[PDB]
Structures are given as C-alpha cells and as structure tokens.
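Down below is the structure, laid out as structure tokens.
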Amino acid sequence: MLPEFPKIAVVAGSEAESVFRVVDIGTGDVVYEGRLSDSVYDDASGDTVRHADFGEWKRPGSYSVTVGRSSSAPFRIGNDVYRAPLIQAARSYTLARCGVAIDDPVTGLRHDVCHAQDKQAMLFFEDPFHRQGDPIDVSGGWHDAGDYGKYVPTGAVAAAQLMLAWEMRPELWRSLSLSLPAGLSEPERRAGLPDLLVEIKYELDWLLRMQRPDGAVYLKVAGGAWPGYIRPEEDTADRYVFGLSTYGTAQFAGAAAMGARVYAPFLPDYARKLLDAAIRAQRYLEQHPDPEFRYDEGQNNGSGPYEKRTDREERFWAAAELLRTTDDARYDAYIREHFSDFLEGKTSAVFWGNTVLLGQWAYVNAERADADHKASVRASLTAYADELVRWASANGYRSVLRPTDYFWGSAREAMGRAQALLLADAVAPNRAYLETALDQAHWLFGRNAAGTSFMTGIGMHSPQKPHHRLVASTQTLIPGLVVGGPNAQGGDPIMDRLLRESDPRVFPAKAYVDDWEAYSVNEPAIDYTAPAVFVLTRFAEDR
Ligand SMILES: [Zn+2]
C-alpha cells in the first residue's frame, strides 16, 4: 500500500482481541499500536469483521500486523507498489495476441503462430457483401478470455478502457515499457509509439477488419466447437465470422472515435482511418435506428453469446465519443434528441452490456457539448460515486459490492465501480472517491472474504488454475489477469455442485474456487483486466 493513503487491515473473527501492533519486519520494532474497531457482521460473506487502522504510519518498509496470537503476512508500504501489477496487467494483452508467434522471456510464455486460418475465416451467413462461406481476413486481435474466440463487444470496450488509462496519465505511459517480445509490432515500435498504444493498436487493427462496407460490424470470430486445453496453434479447425449487431457496431464506433483522438498525435493517417470508420458505423446506425442482433443457429456452439438485443447505451457512447473527437455540434443535437435520459442520470459501471458511462465521460469532456447538459452529466456521475462511497464506507471489507452483486464478473464490476469513482473524481475532485477506488484494488489483491487475489501473479493467494487454455496447455504463469470473481449464481459444473450441495449454503462473497473448470468464477477475460489497468494507472508511481 501507499504512504499517503488510508491503511486498514481487515480481520475476520478475532472478536476477543482489543489492540493490534504494526511491526517493522527488518527491526522487529513496533512502529504503531492501536485499538481495533468494533466487530461488525458482513452480510455478503457471513464474516464478523473488524479493522486495524494505521493510516498515520507512512514510512516505507515491510511490515506485519499482530493481533493476539497471530501475525499477518508481510506487506509493503511504498510509493512504487502498484507499478509492477500495472505493467503485468497491461502486458498481459500482448500475451493474448492472436495470429502471431510469441516468445516472451519475462514469463516464459511461448507459442507458434495461431489461428492463421482467420485470414480466410468464413462468413457464417449470406449478406449483401459476401456469400455464405466466403472468406474474410479477420486475423489479429486478442484472444478474448480463456478461449481463443475474438468478440467485438469486449474487444471494443477493453480497448476503450485501456485508451482511457492512456488519457488519464499520458506521461506515465510514455515512459513505461511493456517489454514487448521480439517480432511484434515492428513498424509501430520503430515509429516510437508508446508501448501501451502499440498494444491497443493490435486490437483496433482487428476491430477495423470486422467492419463491412456499409459500416455495420460483425459480432465475433470463432470455431464451431470449443477447443480443449490446447495451445492456440493446435486449434486448427475452421474459423468463422458470426453475427451482426447494432450494439457492437456502436461500440466499434466509440472505440474507433476514441482511437482517432488518441492516435492523432502519433499517426495522422491511422487516426483518420479510425475516425472515418467510426463515422461509417455511426451513419449505418443513424440509417438503421432499430436494434439488431443477428442469430444464426449454431453460432454459439464454440464461443460465447455476448447477446444484447437493445443498444441505446452503446449508440449514445458512439455519438458522444464522436462529439468529443470531432467537435461537430450536430452530434450534440442528435444526443439531446434521442438520449436525453443518459444526460440526466442512469450512470452505471462500464461493461460490454452497458457503455452508458463511456458515453457520459465522452460528453462531459466534449468541448462542443451543451454546458448545462455537461453539468447534468457531472451530477449523474457524482450521485453514482456518492452511492458507491456510502456502500463501501459501511462495508467491513470496504467493498463497493453488495450481496446481490456476486454475479458472473463481480471482480470486473468492483473495478468498473472503482473506475466510475475515478471518473467522478476527475470532474468533481473528492478524496473519498480516490480512497474508495483504491480500496477496490486492495480488495482485488486479496483483502476480501475469499482470501485470494482475483489477479494472477499477485497476492499471498491468487488463481493458479485459471480457466485459460494457454496457461493450462503451457503450464506457464501469466501474471496480471483478472478472473471473473465470486459468483453465487453458478454457471459451471464445479460451482453448480458446490452451490447446490453446500449446507449451510455458501455465502456469496465466498462463491469462488481456483479450479481449471470453474469458468463461472475463475476465467480471466480482456474486459475484466481492462478496468483494473485503468484503476491501477491512477496509483502507479511515475518513474
Ligand atoms: Zn490465436
């Protein structure tokens, strides 16, 4: 943890104790003694929780908290503590690349070129531009999660979140090396593009390939069956382009419009290419105002559904990001005509099924947005942030999750909520927003009822058997990956059995197991890691 921020140790049990000691491990000296807070029952975990507050101790070092007979694992106080996990999480995207060979000396991850057949992936249906079965080059991009499919909604939202991390602290990222393996992104590296932007461009390049001539965007690339726990270069079965959706077309437009702004200082032609693509997508959407989600039978036989049959929050993001990037006030008129509700409220954490906050963030940073409506959107952000602070401040684990929030992707949700707190802090600075955001990083790294980090490679306990075909087939730790997190609703055979057989029933915050097949809680995905990168950006030391 950081010298200038709050410092609590959360203790489950230990009801009979009254005091704690913070001990410097190098000297054995007690640097701080205090009284424990009162024990309070935590609904989501079933734990009775108290905490040791030593925030006023600011000296860097390695320490342990003693309570009664027990002493915590060593932990650090230091300004530099979040730089390493930020770097690991960001470079994990490089290690997820598809269509290239990877030989990474940092982790030892090695694989041959994978999914070369994506250069001729077959369209699963007939459309005005391709006969069914016709090949399209949709190579490149990132493998989505523990599988090797590539999906526009999560690709666009993850890329956007990473670009917002760039925009939060460009000077941090200009001097941050991701130790890109040999052979990767050679033209971009020769041009001196910052490593984070090199990596994001690999995904944007792929997203561009998913757009068809009329501006609409296909849904995903995958096979007709799920591969086993095999290296990606062994997944030789035919690959297809599946689906067509307006919500994904709009997310593509948002990501491309954001990329146009982000890349313009570096690559004027590429930035223009992104902006023109974003506008073709927006024009498709304006001419096709009703939502579409195409479903052909079999398209989910080897890949996830990522189904949304409405699209308002994503159309709003597309228009608002275009407003921000282009300064064309016609987008403000369009937004005020169709999306006035999102200018007055409805803030919610970013995820692939709801990008309202990406749109609100774009709007409040748009020079040509109406000033009174920008004020309204700032108030929507602060109302949501204030709610998160209220929840976390009264929660024994300082968590922004409620008992009913332990659904698939809860760890993403915790970090998406932290992201929202940081965006609120940007428009209306408030130390409570910063501190509560940082509390979700403490939670993510293991200060939680499950007793484990949900980011690989970090924490006394962390996921060692993530549902991840590359990790499993190569037996190589890839640090920095965020797994779904505790999920009391089930969805895989391991969790389904645990939840149905347990008596007493499992408490939602503990509905997690570290097993290869527990994909409803233990699978990492690009859109889980992305908000973690964003949040850690704020707290990482520059140099
Ligand atoms: Zn691949």
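Identifiers in the structure tokens: chain A, B, ... in order shown; residue index from 1 per chain; ligand index from 1 in order shown.
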
Within-9 Å residues of ligand 1, basis only C-alpha atoms and all ligand atoms, as an NGL selection string: :A and (96-100 or 113-116 or 118 or 139-143 or 148-150 or 232-233 or 235)

Which neighbours of residue 416 (chain A) fall inside 8 Å, counting only C-alpha atoms, when residues of the same chain fewer than 3 positions from it are skipped, and could you give them as a JSON list (two decimals) with C-alpha atoms, in the first residue's frame?
[["chain", "number", "residue", "atom", "x", "y", "z"],
["A", 349, "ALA", "CA", -20.31, 0.85, -14.32],
["A", 350, "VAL", "CA", -18.88, 0.14, -17.75],
["A", 351, "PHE", "CA", -19.18, -3.33, -19.19],
["A", 412, "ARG", "CA", -14.79, -6.73, -13.15],
["A", 413, "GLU", "CA", -17.74, -4.95, -11.52],
["A", 419, "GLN", "CA", -13.27, 3.28, -12.48],
["A", 420, "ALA", "CA", -16.51, 5.25, -12.08],
["A", 531, "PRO", "CA", -10.78, -1.66, -15.62],
["A", 532, "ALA", "CA", -8.04, -2.96, -13.35]]

Would you pick out the contacts of region 503-513 of chain A at 6 Å or less, using only C-alpha atoms, so that residues sharing its chain but fewer than 2 positions from it are not included, and give the list as a VMD selection string? chain A and resid 44 to 45 406 450 486 to 488 515 521

List as CSV every residue of region 275-376 of chain A that is in contact with region 152-165 of chain A, defined as an atom at most 12 Å from one of its atoms (using only C-alpha atoms), together with the nearest atom pair and the distance in Å rounded to one decimal, sorted by chain and then rising number.
residue,atom,partner,partner_atom,distance
A:278,CA,A:156,CA,11.8
A:304,CA,A:154,CA,11.1
A:305,CA,A:153,CA,10.7
A:306,CA,A:153,CA,7.4
A:307,CA,A:153,CA,9.4
A:308,CA,A:153,CA,9.8
A:311,CA,A:153,CA,11.5
A:314,CA,A:153,CA,9.9
A:317,CA,A:157,CA,10.7
A:318,CA,A:156,CA,11.2
A:321,CA,A:160,CA,10.5
A:349,CA,A:161,CA,11.8
A:350,CA,A:157,CA,8.2
A:351,CA,A:157,CA,7.0
A:352,CA,A:154,CA,5.5
A:353,CA,A:153,CA,8.1
A:354,CA,A:157,CA,9.7
A:355,CA,A:157,CA,7.9
A:356,CA,A:157,CA,11.4
A:357,CA,A:161,CA,11.1
A:358,CA,A:160,CA,8.4
A:359,CA,A:160,CA,11.2
A:361,CA,A:164,CA,9.8
A:362,CA,A:164,CA,10.2
A:365,CA,A:164,CA,12.0

Output the selection as a tab-separated table (two decimals), in the first residue's frame - N, CA, C and O atoms for each residue.
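Everything below was put into part06.tsv:
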chain	number	residue	atom	x	y	z
A	278	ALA	N	-15.29	5.01	-37.78
A	278	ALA	CA	-16.28	5.29	-36.74
A	278	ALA	C	-17.49	5.99	-37.33
A	278	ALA	O	-18.63	5.67	-36.98
A	304	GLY	N	-18.84	-17.76	-26.88
A	304	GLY	CA	-19.84	-17.16	-26.03
A	304	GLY	C	-20.83	-16.30	-26.79
A	304	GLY	O	-20.55	-15.81	-27.88
A	305	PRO	N	-22.02	-16.08	-26.21
A	305	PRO	CA	-23.10	-15.42	-26.96
A	305	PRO	C	-22.96	-13.92	-27.10
A	305	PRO	O	-23.28	-13.38	-28.16
A	306	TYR	N	-22.54	-13.24	-26.04
A	306	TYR	CA	-22.45	-11.78	-25.98
A	306	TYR	C	-23.66	-11.13	-26.66
A	306	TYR	O	-23.54	-10.33	-27.59
A	307	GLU	N	-24.83	-11.49	-26.16
A	307	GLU	CA	-26.08	-11.07	-26.76
A	307	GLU	C	-26.65	-9.86	-26.04
A	307	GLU	O	-26.84	-9.87	-24.81
A	308	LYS	N	-26.92	-8.81	-26.80
A	308	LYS	CA	-27.72	-7.68	-26.33
A	308	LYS	C	-28.66	-7.29	-27.45
A	308	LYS	O	-28.21	-7.01	-28.57
A	311	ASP	N	-29.74	-1.49	-27.66
A	311	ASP	CA	-28.45	-0.88	-28.00
A	311	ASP	C	-28.38	0.60	-27.63
A	311	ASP	O	-27.47	1.28	-28.12
A	314	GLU	N	-25.06	2.04	-26.04
A	314	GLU	CA	-23.93	1.97	-26.95
A	314	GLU	C	-24.05	2.98	-28.08
A	314	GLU	O	-23.07	3.63	-28.45
A	317	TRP	N	-22.95	6.15	-26.50
A	317	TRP	CA	-21.49	6.24	-26.45
A	317	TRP	C	-20.90	6.60	-27.82
A	317	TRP	O	-20.07	7.50	-27.93
A	318	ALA	N	-21.34	5.92	-28.87
A	318	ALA	CA	-20.81	6.23	-30.20
A	318	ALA	C	-20.98	7.71	-30.53
A	318	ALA	O	-20.04	8.37	-30.98
A	321	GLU	N	-18.78	9.98	-28.13
A	321	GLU	CA	-17.35	9.92	-28.42
A	321	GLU	C	-17.06	10.66	-29.72
A	321	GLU	O	-16.07	11.40	-29.81
A	349	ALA	N	-21.68	1.21	-13.99
A	349	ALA	CA	-20.31	0.85	-14.32
A	349	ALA	C	-20.24	0.32	-15.75
A	349	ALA	O	-21.15	-0.35	-16.24
A	350	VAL	N	-19.11	0.60	-16.38
A	350	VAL	CA	-18.88	0.14	-17.75
A	350	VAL	C	-18.79	-1.38	-17.80
A	350	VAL	O	-18.05	-2.01	-17.03
A	351	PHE	N	-19.49	-1.97	-18.76
A	351	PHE	CA	-19.18	-3.33	-19.19
A	351	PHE	C	-19.74	-3.50	-20.60
A	351	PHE	O	-20.36	-2.60	-21.15
A	352	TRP	N	-19.47	-4.66	-21.19
A	352	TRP	CA	-19.85	-4.89	-22.57
A	352	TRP	C	-21.35	-4.80	-22.80
A	352	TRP	O	-21.78	-4.59	-23.94
A	353	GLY	N	-22.15	-4.98	-21.76
A	353	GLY	CA	-23.58	-4.85	-21.92
A	353	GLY	C	-24.15	-3.49	-21.58
A	353	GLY	O	-25.37	-3.31	-21.66
A	354	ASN	N	-23.31	-2.53	-21.19
A	354	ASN	CA	-23.81	-1.20	-20.86
A	354	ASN	C	-22.64	-0.23	-20.87
A	354	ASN	O	-21.87	-0.17	-19.90
A	355	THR	N	-22.53	0.55	-21.94
A	355	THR	CA	-21.48	1.54	-22.07
A	355	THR	C	-21.95	2.97	-21.78
A	355	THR	O	-21.31	3.93	-22.24
A	356	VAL	N	-23.03	3.13	-21.00
A	356	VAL	CA	-23.55	4.47	-20.76
A	356	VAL	C	-22.47	5.39	-20.21
A	356	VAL	O	-22.41	6.56	-20.56
A	357	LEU	N	-21.62	4.87	-19.31
A	357	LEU	CA	-20.65	5.74	-18.67
A	357	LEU	C	-19.52	6.13	-19.62
A	357	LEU	O	-18.94	7.21	-19.49
A	358	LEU	N	-19.22	5.29	-20.61
A	358	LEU	CA	-18.29	5.73	-21.64
A	358	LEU	C	-18.87	6.90	-22.40
A	358	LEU	O	-18.17	7.87	-22.70
A	359	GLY	N	-20.17	6.85	-22.69
A	359	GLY	CA	-20.81	7.98	-23.33
A	359	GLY	C	-20.87	9.22	-22.45
A	359	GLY	O	-20.63	10.33	-22.91
A	361	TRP	N	-18.82	10.00	-19.99
A	361	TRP	CA	-17.46	10.53	-19.89
A	361	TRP	C	-17.05	11.28	-21.14
A	361	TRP	O	-16.44	12.37	-21.07
A	362	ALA	N	-17.38	10.75	-22.31
A	362	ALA	CA	-17.09	11.47	-23.54
A	362	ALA	C	-17.82	12.80	-23.57
A	362	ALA	O	-17.24	13.84	-23.93
A	365	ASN	N	-16.47	15.64	-21.40
A	365	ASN	CA	-15.18	16.11	-21.88
A	365	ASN	C	-15.25	16.66	-23.30
A	365	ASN	O	-14.20	16.90	-23.91

Go through A:389, A:438, A:225, A:343 and flag the residue nearest residue 372 (chain A), using only C-alpha atoms for the distances.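 Looking at the shortest contact to residue 372 (chain A), the residue is A:343.
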
Using only C-alpha atoms, which residue out of A:322, A:540, A:204, A:123 lies closest to residue 238 (chain A)?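 Selected residue with least distance to residue 238 (chain A): A:123.
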
Backbone-only DSSP, strand (DSSP E) members of region 97-281 of chain A, as a list in words: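 Answer for region 97-281 of chain A, restricted to strand (DSSP E): residues 102, 103, 110, 111, 121, 122, 123, 135, 136, 150, 151, 218, 219, 220, 221, 222, 240, 241, 242, 243 and 244 of chain A.
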
Return the single residue from A:257, A:18, A:392, A:122 that is closest to residue 223 (chain A), with distances computed using only C-alpha atoms. A:122

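In this model, the gap between CA of residue 34 (chain A) and CA of residue 50 (chain A) comes to 12.9 Å.
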
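For the pair CA of residue 482 (chain A) and CA of residue 463 (chain A), the separation is 9.1 Å.
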
Which value, in Å to one decimal, gives the distance between CA of residue 294 (chain A) and CA of residue 125 (chain A)? 9.9 Å
